[PDB]
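Beneath this line is the structure, given in structure tokens, with notes to follow.
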Amino acid sequence: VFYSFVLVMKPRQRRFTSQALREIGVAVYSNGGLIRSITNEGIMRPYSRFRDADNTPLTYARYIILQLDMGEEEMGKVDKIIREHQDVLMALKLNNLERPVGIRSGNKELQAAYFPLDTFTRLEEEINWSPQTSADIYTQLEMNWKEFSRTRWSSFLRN
Amino acid sequence: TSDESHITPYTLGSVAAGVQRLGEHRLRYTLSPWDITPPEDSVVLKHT
């Protein structure tokens, strides 16, 4: 991804969650950027109690993942927009997604010298693995590899 | 009367070497022969 966010939010009535997410989204569109994926997660129990705008500590919070394509200039604006919203407890930001840690160290990349387009195409989920991932995806990966490489040109040279 | 003949040495020395040497004058396919043919089931292509 170009940018990503993890947004720890207060667990409110659904109409409010939807309004808040519409506000963040519109704040991203106005600033001339895109949303790769807005992923929803449940109301979880974190390891740290968060206080909201009421200064009332919270045991539970709704987690929400943002993945954005912006300019680095106007994500300052979106940053202090998101962090200043009352329904967001915490937001952590990943800017490292284009050059993550495991590449371009003493010619680790075979047949290319730092191809940037490898990790840009990808989403955050495949750059940073989630805990549930097991050896099983090693299977799926390749059925999604081989299959892809079969249909790509034929699909592209159609139009 | 017979005798041991000294075999004049081959260029490549093994058949595997034969294939590989032959293979540089050729174009590899992107996909191996067993998966080129489309599956009998249908795989909807998603993003990775």
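Residue numbers (the entry's author numbering), protein chains in the order written: chain CF, 2 to 160; chain Cv, 583 to 630.
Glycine is no exception: its CB is placed at the ideal position from the N, C-alpha and C atoms.
Within the model, the alpha-carbon separation for CF:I65 versus Cv:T612 is close to 40 Å. Using a Cβ-Cβ distance cut-off of 8 Å, the segment 103-110 of chain CF and the segment 37-48 of chain CF are not in contact, since fewer than three pairs of beta carbons, one from each stretch, lie closer than that value.
One thing to note: CF:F121 has its Cβ within 9 Å of the Cβ of CF:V2. Excluding residues up to 5 positions away in sequence, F3, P117, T120 and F121 lie with their Cβ nearer than 7 Å to the Cβ of CF:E99 in the same chain. CF:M45 places its beta carbon less than 9 Å from that of CF:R63.
Within the model, the alpha-carbon separation for CF:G34 versus CF:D70 is close to 5 Å.
Counting other Cβ atoms within 10 Å of its Cβ, CF:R151 reaches 16 or more and is therefore classed as buried.
The three-state reading of DSSP puts CF:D53 in coil, since its state is none of H, G, I, E or B.
Bridge pairing for CF:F6: CF:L67 and CF:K94 [DSSP]. Separation of CF:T134 and CF:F17 (C-alpha to C-alpha, rounded to the nearest whole angstrom) is 33 Å. Sequence-distant Cβ neighbours of CF:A21 in its own chain, meaning closer than 6 Å and more than five residues away, are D88.
Just so you know, the alpha carbons of CF:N97 and CF:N129 end up roughly 11 Å apart. DSSP places Cv:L613 in no beta strand (DSSP E); its state is neither H nor E. Each residue's CA atom was taken as its position, placing Cv:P620 and CF:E85 some 52 Å apart. C-alpha of CF:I83 to C-alpha of CF:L8: approximately 9 Å in a straight line. In the DSSP assignment, CF:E42 falls outside any alpha helix (DSSP H) and within the unbroken beta strand (DSSP E) covering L35 to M45. Within the segment 80-133 of chain CF, the complete alpha helix (DSSP H) runs of at least 4 residues fall at 118-122 and 125-128.
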